[PDB]
Structures are given as C-alpha cells and as structure tokens.
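*Asks:* Got a structure for you, questions after.
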Amino acid sequence: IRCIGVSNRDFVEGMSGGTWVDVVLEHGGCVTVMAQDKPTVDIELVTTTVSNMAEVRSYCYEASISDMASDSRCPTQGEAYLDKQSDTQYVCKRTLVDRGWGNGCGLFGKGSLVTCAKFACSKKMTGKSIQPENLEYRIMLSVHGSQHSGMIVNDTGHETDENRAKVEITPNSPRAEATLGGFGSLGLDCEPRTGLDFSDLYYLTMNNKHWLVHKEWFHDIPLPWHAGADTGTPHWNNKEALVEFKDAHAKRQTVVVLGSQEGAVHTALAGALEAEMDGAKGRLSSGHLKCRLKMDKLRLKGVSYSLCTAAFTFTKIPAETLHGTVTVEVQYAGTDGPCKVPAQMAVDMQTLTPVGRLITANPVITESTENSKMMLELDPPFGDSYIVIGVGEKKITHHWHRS
Amino acid sequence: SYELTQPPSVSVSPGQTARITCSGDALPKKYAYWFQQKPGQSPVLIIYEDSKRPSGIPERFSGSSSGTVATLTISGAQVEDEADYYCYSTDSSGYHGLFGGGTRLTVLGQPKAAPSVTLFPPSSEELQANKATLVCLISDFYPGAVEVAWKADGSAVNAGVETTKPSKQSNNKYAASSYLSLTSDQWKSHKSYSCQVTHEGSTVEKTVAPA
Amino acid sequence: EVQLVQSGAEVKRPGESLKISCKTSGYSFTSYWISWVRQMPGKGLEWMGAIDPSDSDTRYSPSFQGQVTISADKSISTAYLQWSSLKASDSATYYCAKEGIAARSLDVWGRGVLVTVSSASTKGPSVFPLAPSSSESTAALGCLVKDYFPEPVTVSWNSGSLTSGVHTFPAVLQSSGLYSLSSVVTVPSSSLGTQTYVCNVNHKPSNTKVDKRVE
Ligand SMILES: *[C@@H]1O[C@H](CO)[C@@H](O[C@@H]2O[C@H](CO)[C@@H](O)[C@H](O)[C@H]2NC(C)=O)[C@H](O)[C@H]1NC(C)=O
C-alpha cells in the first residue's frame, strides 16, 4: 500500500491466470498490479545507486598565490633566472622589460625579467567515472494485504513483516526473487540498459552539488587540472589559466588571480542532468527501468476466512485519489477475526448488486481481538454511486461521486 | 654576512621634515618596507613597496627608494612620532628577510626637566638581618640620560652599585632607579651616604646618616 | 578580523626544551606564509624564518638555520617555533607575522611572547618599609621589594585606593640573577596619623602576597 497518494501512478491490469505482466518503473512513480485470484501488489523503484566511482580528473576553480618574486637582468648581461624556477608548484613568466640609465643598467635596450609565484588551489572540483557494472537498482514492493490504518508506509522494521519486501538488482545478476511468506514468492526478471544513458559521461562534483557531464565538455575546460587522485600536494597542470601577469615595470610583474569560478561553471551547467550522492555512492534520476515480473508462486492469503459478521465503523473520512479511486479506513469491533471484509459498491443499494471493482482484492482483517483497523481502496464507477461496508444490519453506506 | 645599515639616531624639530635613510645593496632590485615601533607596542607598517602608504596611516608619512638608498620622508613632524624606525627588505635571492639596525627618532620640542630624586636609608628590619640597602629614586626628568654615583663619607663608592636604564613615564619625562647593596656593618662603619645624580650639567645630592 | 594570538610569557632555564605557538583565526591559514621575528631586549628586529603550511615549506636565515625548528599544524591553524637546547642568549621577545602575497612581505604582526632564560631559581621577595625623616609639609612613603625572581610583581597601596602619586619603578636585574624594585607614593605630612598606609606586594610565580606597613 506504499503507493496510495502517488502523483505518477500506473494502473497496470494483469492477465487472468497468466503469469506475464510487463511493468515499467520510473523514478518517483509506482505501479499497482491487480490481476486474477491473486493479491494486488505495489511495485516501486526507489533507488538507482552507483558502485565505487574512481576519480578520473580534478579541476581547480579557486587558487591562492604565494611567495612571488621577480629577478631582472640588464640588457646584454645574461638571461634572468630565480632561485626557485624549476619548482613545479611555481608559475613563472619570463618577459622583457625596458631598461636604461634610470633603472641602473648602463645600456638602453630591452632586458630580461622572470616572475615566479607558488600555486596552491584552495577550492577544487573532481570528476569521476561511471560504469554499467557499477550501478545497482533497488525495488520495494508492498502488497495491499489488508494492512491497518494509513501509516503502514514506514520502513521501520519490515524485516519481520510479510506483504512488503525489498529487492536489490545488479546488471550482472538481476534475478532477485522477492519473498513474502504469507503470500508466497514473487519472481522478477528485470533488465537494465533501459536507463539512457551511461555510454561516455562523468560524475562531476564541485562543492557538494553533483551533475552528469559529457566527455569532451569536461575535457575542454580552461582551468588547472590533474589526473591523479593523490592528496599529497600534487603538481597542477595548466596553471596559466588562473594566473595572469600584467604591466611589469622594472622589478615586479604585477600578478593577478582570476578569482573564483564556481558560478562561472554553474552558468555552464544550466541544462545538465543533476545528480545526488549517497555518502559514498551516487544516486541517479533517469530510471525508466523496463521489467517483467512472473507471479507464479503468488498465493492469496485469506480465502478460507468466512465473511465478517459484526459492524464496522468509519475510522476516517474517505477521500478521492487524484486518479479517481477512493481510500477508506474502517474499524471492526469483534473477536470473529480473521474474516473477509464485506465491502462493495452499489447504486441500487437495495439489494444489492455491485457495480464497481475493488482495488485491494479480497480485503481481510489480520488481527482477531478485539477492535482492529484496516485500509481499503476502490475504483468507483463514473457518476454518482454508493459504497457499502459490512453485511446485513448495521452496515454502512456512503454517497460518492467521481469526476 | 649581509646587514642593512641605518643611522643610529636622527633628530628633527617639530613641524619640519625628518628624513631617514636605509642603505642596501639589493635595494635597486628589491623592495623595502618601513616599520615604526613604539616602546612596548608591536611594529606597524609605514611604507610598503617603497612608495605606497597603507590605510590608517597619516598622509605625512611618505617614502621613496632611489638606487642603492631607500628614504623615508616625514613632512611636518610631531612629538608623537618619536619612536623606533626600521627598514626591511629581501636578500639578493628575495626569499630571506633582512632587517636594518634601526633609527631612534628624537623630537626636541619638549622643555628640559630637572630630575626629582628621593633617597631612602635602610629599613629597621634589615639592620637586624645584618644587611642594608640604600634606595635612590629618580623621576620626572628629560632627556633620558643620567649619571648615578654614590659617596660614602664623601669618598667614592666603587662596588655594590646597581643602576637601571632610563625608563619612560606617561609624562613623558623619564624615570629610573638605583640601589646600593650593603651590610649593616658597612652601613654603620661610616657617617654620611650621598646619592649624586647628574643630569644635563645639574647634579642633585641627597644624604642619609645613621641617626 | 585577522587575529594572531601568540603564546603566553615563558620562563625557562638554560638547556630546557621550549615550544612557542602562534594560533591564528580569521583568514585562510593554508594560503599565506608565516614568518617569525626575534627581538632581543634593547636590540633590533631579526627575521628568523618562514613557513608555508600548504606543505610546511621552510626558509631559514643562515644565522638561525640549524638552531631552531619551525613546524605548523595546519589542521588547527597554528604555527610553532621550538628550541631543543635553550641558550641563555635566547631571552627575547618573539613575533609571529602572517606574510602577504609577495615573498617575505610582512602583513600582520602578533603581540610578541616574552622568553626569559636564566640559571636562577624561583624565589619569593623580601618586603621592607621605607619612611623618610621627621619640609614637614609633604613626604614620600615607599616600599622595598628585595631579591625576587622572576618578573612580574604587582604592588598596590591600601587595596588600590590611592591613585595619585603611585610610582612603581621598573625592576633591576642584579648580577645574582634576581630582580628587585621599589614603589613610592606621595603623601602629605598632615595625613600621617589620620590614615594608615600599607603596600600590597604580590608575586604569582612564588604564590606569595605580603602586605607591609609603612611609618
Ligand atoms: C508505522 O508506525 C506506527 C507508529 O506510528 C507503528 O505503530 C505500532 O503500534 C503498535 C500498537 O500501538 C505498537 O505495539 C508498535 O510498537 C508500534 N510500532 C512502532 C513502529 O513503534 C507501525 O507498526 C509502523 N508500521 C506500520 C504501521 O506498518
């Protein structure tokens, strides 16, 4: 019953007797599978996680300069060099500077000058790789097993709960039989590669917000980068795209940093597919998982139960789902449980032919003593109609209209 | 070795232009930084890059480095600028620090102050301990240059004298102290002890006697 | 906004190890270099060395390279300056300075830590009163703080009441290694008999507080 209230639902109607039902699972969407003498099953794809992603590249968007200097030589007096030129963590520019008798050099001509400064990337971003071997889906299913109340949409426990199971699926071994001991087993042979796509993309993380980028876009970025995953003060390649030299005079080429580049990339990411991490792994949002579950060993619980006799009570006001169906919570007061709930819909009301079909097929009461509560979902016919809960005297009728 | 050469003392009258020179060899190729340090306070940046003035510094502090000489210019000097002035730069490599010797500035506007001297004989409890101490106290004098001498029975005192350096008050006349360590036997082996305090050709004599 | 809180005053003996610290708060610690400056009493500034916390890159002056050790824990944004064998000639005021963008460009200065190193021992003072003769109009009453170590010693008058004429001269470092001072106050002669004067001498390293009566 984990799908009551879903915006993007799919009323997938199965085949009477047949074990073949084709279901497509979109993220944020669920599928209610109703069939012949078998319980109706809610099916939802909750998570599309990825496995270890290796850090392929890492660019820089906020640098910090330090320890700069400028050595200058006189014209025709040698090539100017510094004490820390060959250090890789230092960016340097060797240009010419006009000299003369005013600066100190005894010749009138252009001279040498070299300016160096230590590079240290403050804020950097990382780009990772994704493989089809890495992704791992996660499907949760919950049967309309005549569950009490509405707050039966909580994953607390569940391990000790039937009619509701979790299955994990991998492209390598996507078999993943779903066990629900009260109602039997439920096979599900699912096929990946419907998720479009994973051909050649990257998982880009900058500060804490992640996206999925292309190959040559992420390759073509004018920012410092290094291809290693080392945290040991590694050498940054292409340090010139963030460090600028302007207007040297005689002994100091004014160095200027090009500032931060976070929002600069954010303007270049308007339209890219977003992403979300999961602590260590990463989540996806495309989904569209085509699947085909076989319901052979599914068994309907509650057929031997004999139609309840005492009176029900409306526990909460029935409401109309956005699709048209109506949810009802009723409350039985009697030790005659377990027993099948006598709920139906009729327009004549006397007596007593049914019009609409149920959604929670063959609704029961789990507990026996003493005053239990249970949930219901019906598909009323179009137009005005009555809903009837209970049998004989003390039964409850209610007016209803659809669309 | 490599040091920057600064003139030890520089004097200037109020309202005039005080000039301070910092001599260096790599200064034609490297920059200079002028710092000012007052007694007890930590140094403040006066000049950076040889010609620029930071915020919060008055408009009168200017500077310029020319060839092998850096120059700090103070147009319209005032008595509150009387402090220590250092220059600072880098070596020929540019990755090491170099500090100058220093230039203690002097402003002569303040008037001469005769010293106030107080002579204290040994206490009553110290004589029972068979010791003695004479206390010569100096305050409210200017400038900070005094000469302390002790005279036992007129004759000079060679040893036992302890003298401090002239310390500045919030007057801003200077102050100092001078103690004479002795024993009760030598204290009672004479008749008159005098503390001569010389300041700007003006001796002050105070005398104590065991009576 | 930038704050370079240095360590507290330290008194050690010749030979003992010592490590002074410079805790920073208010800027990117792993971006700017950290330089140390030594200033001996009555002497000028001396640049000792510098360090980049991004990889702990150290530059030492040839006059100090091989006698000091500069480290930094960039995790807590604090620089260090330590000596294994402290000499007696190391007694000075030490400044930590955040550098600027250029090489060795001093930008922000600390307040300086006082390092005193002598072969003396912690010893409490000896307080003695000081009264003049008998003028007969005003007088000066003093107190004598004799043979103590180390600094400082705080001397007040009648629990901080008398504020006019309170004079506390600096201490003199005698050849014995101990300090000694005296604190005088100006009091009119007519006030004697209707006012009791007592100086409150207080020395923390000895945990000794002695208040003495003055005639
Ligand atoms: C969903 O949450 C509700 C609580 O809001 C669970 O309620 C249980 O209620 C019974 C009877 O009061 C207690 O004995 C249980 O201990 C409660 N369990 C919990 C989780 O505290 C309910 O079981 C949860 N799951 C559902 C409704 O299927």
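Just so you know, the sequences run in chain order Z, L and H. Just so we're aligned, residue 1 is where the first sequence starts under PDB author numbering, counting upward by one. Count the second sequence with PDB author numbering and you get residues 1 to 9, 11 to 95, 95A to 95B, 96 to 210, in order. Count the third sequence with PDB author numbering and you get residues 1 to 52, 52A, 53 to 82, 82A to 82C, 83 to 100, 100A to 100B, 101 to 128, 131 to 211, in order. Cβ coordinates follow ideal geometry from the N, Cα and C atoms, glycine included.
Could you check where the beta strand (DSSP E) with residue 150 of chain H kicks off and where it finishes?
*Replies:* Unbroken beta strand (DSSP E) run through residue 150 of chain H: 150-153.
*Asks:* Output, in sequence order along the chain, the residues in the stretch 62-86 of chain Z whose CB is closer than 8 Å to any CB in chain H.
*Replies:* Answer in chain order: 64, 65, 66, 67, 68, 69.
*Asks:* At a Cβ cut of 9 Å, what residues of the stretch 140-171 of chain H count as close to chain L, listed as they run along the chain?
*Replies:* The residues in question are 140, 142, 163, 165, 166, 167, 168, 169, 170, 171.
*Asks:* What residues in the stretch 23-49 of chain L bring their beta carbon closer than 9 Å to a beta carbon of chain Z?
*Replies:* Here the close residues are 29, 30, 31, 32.
*Asks:* Is there a Cβ from chain L that is less than 8 Å from the Cβ of residue 106 of chain H?
*Replies:* Yes, because at least one Cβ of chain L sits closer than 8 Å to the Cβ of residue 106 of chain H.
*Asks:* Using DSSP bridges, identify the partner residues of residue 71 of chain Z.
*Replies:* Answer is Z:114, bridged to residue 71 of chain Z.
*Asks:* Ligand 1 heavy atoms versus the CB of residue 156 of chain Z: any closer than 7 Å?
*Replies:* Yes; taking the cut-off as 7 Å, the Cβ of residue 156 of chain Z has a heavy atom of ligand 1 nearer than that.
*Asks:* Less than 8 Å between the CB atoms is what I'm expecting for residue 229 of chain Z and residue 62 of chain Z, so what's the real figure, rounded?
*Replies:* About 20 Å; that fails the 8 Å criterion.
*Asks:* In this structure, what does DSSP give as the bridge partners for residue 167 of chain L?
*Replies:* According to DSSP, which records beta bridges pairwise, residue 167 of chain L is partnered with L:173.
*Asks:* With a Cβ-Cβ cutoff of 8 Å, do residue 52 of chain H and residue 66 of chain Z count as a contact?
*Replies:* Contact: yes.
*Asks:* When you measure from the CB of residue 374 of chain Z to every non-hydrogen atom of ligand 1, does any distance come out below 7 Å?
*Replies:* No, the beta carbon of residue 374 of chain Z sits no closer than 7 Å to any heavy atom of ligand 1.
*Asks:* Taking the Cβ atom as the reference point for each residue, do residue 211 of chain H and residue 123 of chain H lie within a distance shorter than 8 Å?
*Replies:* Taking 8 Å as the Cβ cut-off, residue 211 of chain H and residue 123 of chain H qualify as a contacting pair.
*Asks:* Let's test the definition: count the other Cβ atoms within 10 Å of the Cβ of residue 108 of chain Z and tell me whether it reaches 16, buried, or not, exposed.
*Replies:* Label assigned to residue 108 of chain Z: exposed.
*Asks:* Going along the chain, which residues of its own chain have a beta-carbon closer than 6 Å to the beta-carbon of residue 132 of chain Z, five neighbours each way excluded?
*Replies:* If we look at residue 132 of chain Z and ignore the five residues flanking it on each side, its Cβ neighbours are 171, 198.
*Asks:* Assuming residue 391 of chain Z and residue 345 of chain Z make a contact with CB atoms under 8 Å, what is their CB distance in whole Å?
*Replies:* So it is not a contact: roughly 14 Å between Cβ atoms.
*Asks:* What residue does the beta strand (DSSP E) around residue 373 of chain Z start on, and which one ends it?
*Replies:* Where residue 373 of chain Z is concerned, the enclosing beta strand (DSSP E) stretches over 371-379.
*Asks:* Expressed to the nearest angstrom, what Euclidean distance is found between the alpha-carbon atoms of residue 123 of chain Z and residue 60 of chain Z?
*Replies:* When rounded, the distance between both Cα atoms is 6 Å.
*Asks:* Measure from the C-beta of residue 141 of chain L to each C-beta in chain Z and report whether the shortest distance is under 8 Å.
*Replies:* So no, residue 141 of chain L is outside the interface.
*Asks:* Closer than 7 Å to a non-hydrogen atom of ligand 1 - does that hold for the CB of residue 151 of chain Z?
*Replies:* Checking the Cβ of residue 151 of chain Z against ligand 1 gives yes.
*Asks:* Mark residue 117 of chain L as exposed unless 16 or more other C-beta atoms lie within 10 angstroms of its C-beta, in which case mark it buried.
*Replies:* Looking at its Cβ environment, which holds 16 or more other Cβ atoms inside 10 Å, residue 117 of chain L is buried.
*Asks:* Check residue 72 of chain H in the structure and name its three-state DSSP category.
*Replies:* Three-state result, residue 72 of chain H: strand.
*Asks:* Pick out whichever of Z:264, Z:380, Z:253 has its Cα sitting closest to the Cα of residue 115 of chain Z.
*Replies:* Nearest option by C-alpha distance: Z:253.
*Asks:* Check each candidate in Z:194, Z:84, Z:262 and name the one with the smallest Cα separation from residue 210 of chain Z.
*Replies:* It is Z:262 whose Cα lies nearest to the Cα of residue 210 of chain Z.
*Asks:* Give the straight-line distance between the Cα atoms of residue 186 of chain H and residue 159 of chain H, rounded to the nearest whole angstrom.
*Replies:* If you take the alpha carbons of residue 186 of chain H and residue 159 of chain H, they lie about 18 Å apart.
*Asks:* Report the residue from L:155, L:148, L:156 whose alpha carbon sits nearest the alpha carbon of residue 194 of chain L.
*Replies:* Residue L:148 is the option with its Cα nearest to residue 194 of chain L.
*Asks:* Of all Cβ atoms in chain H, is any one closer than 8 Å to the Cβ of residue 101 of chain L?
*Replies:* Judged by the 8 Å Cβ criterion, residue 101 of chain L is in contact with chain H.
*Asks:* Under 8 Å between C-beta atoms, does residue 87 of chain L make it to chain Z?
*Replies:* No, residue 87 of chain L does not count as interfacial toward chain Z.
*Asks:* Based on the DSSP output, what are the partners of residue 57 of chain Z in its beta bridges?
*Replies:* Looking at the DSSP assignment, residue 57 of chain Z forms a beta bridge with Z:127.
*Asks:* For residue 57 of chain L, go through chain H and note every residue whose CB falls closer than 8 Å to its CB, in chain order.
*Replies:* The contacting residues do not exist; residue 57 of chain L stays about 13 Å from chain H at best.
*Asks:* Within this structure, are the beta carbons of residue 84 of chain H and residue 166 of chain H separated by less than 8 Å?
*Replies:* Cβ distance not < 8 Å, so residue 84 of chain H and residue 166 of chain H don't count as in contact.
*Asks:* Which bits of chain H does residue 117 of chain L rub up against, with CB to CB less than 7 Å?
*Replies:* What residue 117 of chain L touches in chain H: 136, 180.
*Asks:* Looking at the strands, I want to know which residues DSSP matches up with residue 399 of chain Z.
*Replies:* Looking at the DSSP assignment, residue 399 of chain Z forms a beta bridge with Z:386.
*Asks:* Exposed or buried, what is residue 352 of chain Z when buried is set at 16 or more other beta-carbons lying within 10 Å of its beta-carbon?
*Replies:* It counts as exposed.
*Asks:* Run through the stretch 187-247 of chain Z for me and flag every whole alpha helix (DSSP H) of 4 or more residues, listed as ranges in chain order.
*Replies:* Complete alpha helix (DSSP H) runs here, min 4: 215-219.
*Asks:* Go ahead and pull the three-state DSSP assignment for residue 126 of chain L.
*Replies:* If DSSP states are grouped into helix, strand and coil, residue 126 of chain L belongs with the helices.
*Asks:* By alpha-carbon positions, which one of H:82C, H:86, H:54, H:114 ends up nearest to residue 74 of chain H?
*Replies:* The candidate whose alpha carbon is nearest that of residue 74 of chain H is H:54.
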